[PDB]
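Student: This structure is in structure tokens; I'll ask about it shortly.
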Amino acid sequence: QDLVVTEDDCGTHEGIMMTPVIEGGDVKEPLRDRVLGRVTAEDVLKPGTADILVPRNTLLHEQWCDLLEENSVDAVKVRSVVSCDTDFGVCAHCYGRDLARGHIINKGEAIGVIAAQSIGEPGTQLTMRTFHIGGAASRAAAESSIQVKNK
Amino acid sequence: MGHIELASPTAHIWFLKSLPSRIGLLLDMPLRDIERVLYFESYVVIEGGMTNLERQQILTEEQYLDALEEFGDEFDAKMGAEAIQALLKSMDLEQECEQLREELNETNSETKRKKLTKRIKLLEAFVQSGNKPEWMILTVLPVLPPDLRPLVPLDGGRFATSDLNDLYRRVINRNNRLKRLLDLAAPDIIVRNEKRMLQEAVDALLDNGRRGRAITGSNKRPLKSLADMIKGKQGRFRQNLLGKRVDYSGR
Amino acid sequence: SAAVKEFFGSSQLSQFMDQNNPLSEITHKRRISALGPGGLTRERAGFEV
Amino acid sequence: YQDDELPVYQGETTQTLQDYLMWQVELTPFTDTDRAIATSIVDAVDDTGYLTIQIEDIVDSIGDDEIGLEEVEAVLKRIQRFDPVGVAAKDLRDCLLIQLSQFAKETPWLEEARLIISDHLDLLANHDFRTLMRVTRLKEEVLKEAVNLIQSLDXXXXXXXXXXXXXXXXXXXXXXXXXXXXXXXXXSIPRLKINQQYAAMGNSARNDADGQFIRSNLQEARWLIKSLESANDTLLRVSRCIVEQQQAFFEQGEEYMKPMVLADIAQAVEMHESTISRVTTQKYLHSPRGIXXXXXXXXXXXXXXXXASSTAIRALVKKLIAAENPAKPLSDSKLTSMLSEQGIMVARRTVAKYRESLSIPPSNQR
Amino acid sequence: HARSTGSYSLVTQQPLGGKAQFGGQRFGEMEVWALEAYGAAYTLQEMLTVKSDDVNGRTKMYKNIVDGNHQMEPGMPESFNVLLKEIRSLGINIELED
Amino acid sequence: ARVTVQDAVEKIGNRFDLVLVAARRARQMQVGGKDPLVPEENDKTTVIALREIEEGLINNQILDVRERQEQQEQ
Amino acid sequence: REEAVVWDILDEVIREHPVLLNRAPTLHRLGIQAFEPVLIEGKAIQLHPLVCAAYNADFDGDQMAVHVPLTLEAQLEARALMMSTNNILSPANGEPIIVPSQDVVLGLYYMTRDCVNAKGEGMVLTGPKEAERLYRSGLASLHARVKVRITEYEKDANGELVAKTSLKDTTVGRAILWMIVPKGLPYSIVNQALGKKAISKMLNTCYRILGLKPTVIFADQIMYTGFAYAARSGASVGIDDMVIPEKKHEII
Amino acid sequence: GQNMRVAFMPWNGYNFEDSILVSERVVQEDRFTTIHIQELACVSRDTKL
Amino acid sequence: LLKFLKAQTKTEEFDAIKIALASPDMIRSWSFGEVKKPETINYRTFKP
Amino acid sequence: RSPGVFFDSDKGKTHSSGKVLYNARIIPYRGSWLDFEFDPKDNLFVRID
Amino acid sequence: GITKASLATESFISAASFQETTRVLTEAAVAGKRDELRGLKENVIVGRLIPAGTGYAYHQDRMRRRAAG
DNA sequence: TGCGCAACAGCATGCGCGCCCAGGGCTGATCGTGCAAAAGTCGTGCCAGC
DNA sequence: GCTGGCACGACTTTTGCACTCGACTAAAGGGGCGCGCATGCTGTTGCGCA
RNA sequence: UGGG
């Protein structure tokens, strides 16, 4: 609860790498929903060298994120919280897009109540321990062969 | 507010149990030792610069009589709760502070720092706090205002008494017994028993849980003490901190 | 008279009968409860059982 | 659904509501000093709300520094209307004058008679009209609707009250008569004290600590049990012994009462007077008559050798003056002589005061 | 039910919870959490103090509503004072600063 | 009545401050000694304040010029 | 004494005065909101159906909690924040909420469909109206693969919308459904099966493009037409409704 | 309980989730009407006066 | 001696609540009197 | 539960080392209950009330 | 890991109702901590305005007086 | 080499555990002389008024 | 000359420091503290200087 | 005992 989110722009270059999860054969989450939002860190580069898509920080939405989906770039460097380093709060540009209203966050946000409670609203409908399903009851898989869905 | 005057010291049960204590390790003795010896029994000899026994010596009544015949003068031991007041009264804060500072500077280990670190930070923060060590034990005990313990007499049951009200008449009753029996010039066994009964009375008044857990005759139950009567559930939740019923609600 | 009148008068196995419908009376008279003097109170001992 | 021990909790009794006039003034649009003056007025309001102290005493007690009586007077008349049809103002006239102002403001023969009756001659017309009918100029029964309208006019206040404290005796001590003997059997007897000691005894071995606690938990508890059970048994035995001594010593069924020196009843058990007289203060007695173990211990020498104190005399004196005065004797000395004919040696001088006392109409009945 | 103004308890100066005897229902902790999630200070501020624990906020607030002023004028809760005294009974000292 | 406030906030975007500005204007019109610059729908002065903010002629600077002007003229 | 004038003055009081609603086990913040009351005759409270999904409750007769804001600034904090018309997107997923369900999905799903033959097949008429046939007689709701001329709107121009019309193949229910769609929404969104996945992203894009008010009143019109024509559908369930496969037995 | 003639459909969206709609005929026929009985007590006691 | 209100002066500005141990002298500074008897209220007198 | 002898395996999870512990409880109708238990030390132990 | 997080806060009034009150009141009573009333729950308990949202404005203004006297 | 020092393993004890909403019945307290001093009550006599 | 109000006087009642007194008593009473987890006391095991 |  203690985050007041007071300062607007801390002006730091630190960020976190953003890549798709790509777990196993079937990807769990695409790159669009992960890149969409927050604020771009440093720059991004198309496969053509010496070509910058965005001027340092930008507000990612359907236009810009769709332009990123139109290219082959697989990863985006994005600044976020715990990289803000600001004192007695969180910078407004470091944590962007609280959602709800479709514009940027302004001073006085609710922050960690929307955190927490946003996460705490689920958990009632969960199945908790999913043990004993073990599929067909066989132990792991004996075949070490590797296949592919596409080429 | 109001208050009461004991005429005898107590252990202030709100301390020394209370999660790892600020008392036992402050005097550098095992907690169980002080817990058993602080009232009504053992010796707890203090000072004794010319005596061969240690200042912290825990020696039982056997070595206490052995100290009466063998040692005599220069050996001063208080079997009551006043031994902590004198021994802690003679405690030097600065000499122990710099002594533990130089001891932690010269020698250090994996188990050394934790023992040293808790003690040194506690003593430094205690000196910078401004409070006196002897104030842990209470000479005067204040009483709750009358309205915070409403009787609420009922026509069926005449005057109703709260469960926590009887603690005051009990501690004042045993206190008047100890004071009336004190100046009477009686044997030491009876006055030691009185110090133990008053100790259990005050300790039961401040903290109901653990110890004697005194039970009512009619309604049984642990009843409630100041520790459980803070607010509600012994949180802030029930009568405060969004526990208020406001007005103009639903249904 | 105080023992038997106290047991029939006040107890956790002796309560008011539900007067609504005869079936609530019949299923109220026929019931099984793990509670009682030996008892299983609540909260505790509640999983496999 | 009984919830074990039940709520049994402090509960924070919500009743209060002795006087709401403070909450009434809190909503009055005063300026500055009118609020303080109003608080000074409402503090002097009696529980009955009829005649409250003196108007001059208020102003003298305000610490005026100017602020003349013309203001506080308008505050009086101002609050009296916002009051439940009225409060205070005393004089006994202002109550009925304000009650009739805003009530109706019309009917046959309301204000025409009400102004003169309320202004003057009221107390003269309270007993009976008679010649006053010639003073008011009214003819025969024209005033019947007027006085009849005043009857419904009515203590002015005491409408809210909300005093749940009815103060009941309940049980206490009881006595019974049977088989030719009206002897109390101490018909209370909760047995809780007896039961608790028996029940608490079970409790001492129930600590289940493993600490034994023989030194403090066991001996102290036992001592407390002996201390409370012995005290309750001694108090019940003393109350039963005094109830039997007063029972046997005097008989209620028999006409009249016998005076008992505090000493005779104290000399029966050979106990000091203070100990028993203190036990007879708050302890009552319930038999099949009336509704106190204090009025049955009245002591008096009756000022005569032939016979009983004053209770017998007082009841008898009211039973005498009850039916008497076929004409209009309005006489106390004649009752003292008739009482002296029985050998009671009544003074007949202080007799009237005793007779007059406790709601007796005498001697004002003349 | 729809309680407006009922009787008040002698302790903590709070209304009651029961119907017929006019309970004020309940306003809990998660509701304060939600009102903090909206970021409304005054909407919760009136419900924490004036509508519940303020003795003078009752009469003065109601007087301002009858006149149509609609002024808050917050006040100090009594339950916090109850906690104060309950701590003062213990050997622990707590005091306000000027 | 104004169902959507997004215009009046779209004037000067906060969505927190409209409560304070429309609150002060709501005190100016609510208490007394002032008149609305927009014709009334019979609605309460609250929606009048919201539509005055939606008109663009009431803001923090305007209230400062009116407050300092009426305070300096007296 | 509840005089008749007190009811009129009370009507003057309740008109724009907001009243906030909350449920007993509030988890997220949308569990408590602020709404405008309108007096109704009855002992219960009528709640908007689409907002019910935000409370995650159902109607078995559940009770509720109601609070009345006092003073002034509280009314501005209720009107500027807790109005459900003010905030739609929930601050968790980003996917919109209050999105219609239950009967609306049957009205829009039964609305959009086509079939072979039936009544009228295809025809040549002028749209978008097409209200002179189905709404009277001569055609069917989900029948015909009806070609009609329709005018679109394009927002690619800055600050201005350009109109474009053309003839397209569609169904009666879809062409009637296009009447509700304001302005610059593309026409390819209304031709689909509408499995609630179409209304989810349809209201999502509508809010993210045209803004708050047009998707609020647009979703409202979707509600009214959804329960209206959902009631026009008249579906039912029965014993013959369920069919057991003939092979199943053998497999067992 | 009492039998009724059930029809299964939505009617102008008035049925939502588990709710139900009733005709006025059920009200006019007096069906689904109950009677309650409440006990009132007043005590007269002998006080100190 | 007139126009005095103790409710208006009961509200003051306060910030940064502190917690500290108590001393017997400061406890006596709060002491308005002493209770010398365990008894509470008399049943016959109905007064403390 | 009826009074008598109960042989219980306790589920064999106590010290986490995966050792089975078989205990038993003789419970009369009234009076003190008698219990026999095994510790991981492989020695017999008795718990009385 | 959130088990010591609320217990290690620099304000003794907050989180005291979240966990055991004994150790918090003993360590705070001996240490002499000052709360400064910078937490949300503390302003909710005391009754002062919340330093967030619409209140964050007001609490900002008074803030510039703090260091300025 | 054996004793000496330090570390690790086992046993005990303490703290905890969702919200809201409604009805019904009762339920610890008080000990108990003697002596002395104070206050109240009751009775008688005197004065005042009719 | 008679009636009613008031004054004086006892004796009669009200009141305040004081201690008293030891019981005893065995039966009853609770059991299963659902649980999990973290922190501290101690005893035994392993490893080094000399 | 019962309702979400």
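Lettering and numbering for the structure tokens are positional, with chains as A, B, ... in the shown order, residues counted from 1 in each chain, and ligands counted from 1 in the shown order.
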Do you know which residues are at most 8 Å from residue 20 (chain I) counting only C-alpha atoms (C1' of nucleotides), after dropping those on the same chain fewer than 5 positions away, and could you put them as a PyMOL selection string?
Tutor: (chain B and resi 131) or (chain E and resi 92-94) or (chain K and resi 28-33)
Student: Would you mind listing, for every residue of chain G within 8 Å of chain L, the two atoms forming the shortest contact and the distance between them in Å to one decimal, using only C-alpha atoms (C1' of nucleotides), sorted by chain and ascending residue number, as CSV?
Tutor:
residue,atom,partner,partner_atom,distance
G:24,CA,L:20,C1',4.4
G:25,CA,L:19,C1',5.0
G:63,CA,L:21,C1',7.8
Student: Those same residues, written as a PDB file, in the first residue's frame with N, CA and C atoms?
Tutor:
ATOM      1  N   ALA G  24     -21.499  -7.079  -0.227  1.00  0.00           N
ATOM      2  CA  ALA G  24     -20.963  -7.420   1.090  1.00  0.00           C
ATOM      3  C   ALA G  24     -19.502  -7.843   1.021  1.00  0.00           C
ATOM      4  N   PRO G  25     -19.044  -9.034   0.070  1.00  0.00           N
ATOM      5  CA  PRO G  25     -17.622  -9.437   0.025  1.00  0.00           C
ATOM      6  C   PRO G  25     -16.861  -8.761  -1.113  1.00  0.00           C
ATOM      7  N   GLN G  63     -29.025  -9.742  -0.846  1.00  0.00           N
ATOM      8  CA  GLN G  63     -29.161  -8.398  -0.306  1.00  0.00           C
ATOM      9  C   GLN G  63     -28.043  -7.518  -0.866  1.00  0.00           C
TER      10      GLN G  63
END
Student: Can you check which parts of region 80-177 of chain G lie within 10 Å of region 3-23 of chain H? Per residue, the shortest pair of atoms and distance in Å to one decimal, counting only C-alpha atoms, sorted by chain and number, as CSV.
Tutor:
residue,atom,partner,partner_atom,distance
G:102,CA,H:17,CA,7.5
G:103,CA,H:13,CA,7.0
G:104,CA,H:13,CA,8.7
Student: May I have the residues from that selection written out with N, CA and C atoms, as a PDB file, in the first residue's frame?
Tutor:
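The result, written out as again_30.pdb:
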ATOM      1  N   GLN G 102     -25.633 -13.762 -21.628  1.00  0.00           N
ATOM      2  CA  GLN G 102     -26.930 -14.404 -21.384  1.00  0.00           C
ATOM      3  C   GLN G 102     -27.822 -14.183 -22.601  1.00  0.00           C
ATOM      4  N   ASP G 103     -28.981 -13.531 -22.468  1.00  0.00           N
ATOM      5  CA  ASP G 103     -29.929 -13.459 -23.576  1.00  0.00           C
ATOM      6  C   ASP G 103     -29.389 -12.649 -24.748  1.00  0.00           C
ATOM      7  N   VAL G 104     -28.525 -11.665 -24.485  1.00  0.00           N
ATOM      8  CA  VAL G 104     -28.003 -10.833 -25.566  1.00  0.00           C
ATOM      9  C   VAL G 104     -27.206 -11.679 -26.551  1.00  0.00           C
TER      10      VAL G 104
END
Student: From the options L:16, L:6, L:27, L:1, which residue's atoms come nearest to residue 158 (chain B), counting only C-alpha atoms (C1' of nucleotides)?
Tutor: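 Smallest separation from residue 158 (chain B) among the options: L:27.
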Student: Could you check the closest approach to chain N for each of D:126, D:40, D:337, D:2 and tell me which residue wins, using only C-alpha atoms (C1' of nucleotides)?
Tutor: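 Smallest distance to chain N is found for D:2.
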Student: Which one is closest to residue 11 (chain E): B:112, B:149, B:101, B:121? Count only C-alpha atoms.
Tutor: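 Ranked by minimum distance to residue 11 (chain E), first place goes to B:149.
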Student: Enumerate the residues of chain I with a DSSP assignment of strand (DSSP E), computed from the backbone, and present them as a VMD selection string.
Tutor: chain I and resid 18 to 21
Student: Which one of G:250, G:41, G:58, G:16 sits closest to residue 4 (chain N) if you count only C-alpha atoms (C1' of nucleotides)?
Tutor: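 Counting only C-alpha atoms (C1' of nucleotides), the residue closest to residue 4 (chain N) is G:58.
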Student: Give me the residues within 8 Å of region 44-54 of chain D as a ChimeraX atom specification, counting only C-alpha atoms (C1' of nucleotides) and dropping any in the same chain fewer than 6 places off.
Tutor: /D:87-92,95,155-158
Student: Compute the set of chain D residues within 7 Å of chain M, using only C-alpha atoms (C1' of nucleotides), and express it as a ChimeraX atom specification.
Tutor: /D:202,205-206,208,226
Student: Pull C-alpha atoms from the residues just selected and write them as a tab-separated table (two decimals), in the first residue's frame.
Tutor:
chain	number	residue	atom	x	y	z
D	202	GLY	CA	-13.90	-29.78	40.15
D	205	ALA	CA	-7.90	-30.10	39.34
D	206	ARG	CA	-8.73	-28.98	35.78
D	208	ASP	CA	-4.10	-29.32	32.66
D	226	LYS	CA	-13.14	-21.16	51.11
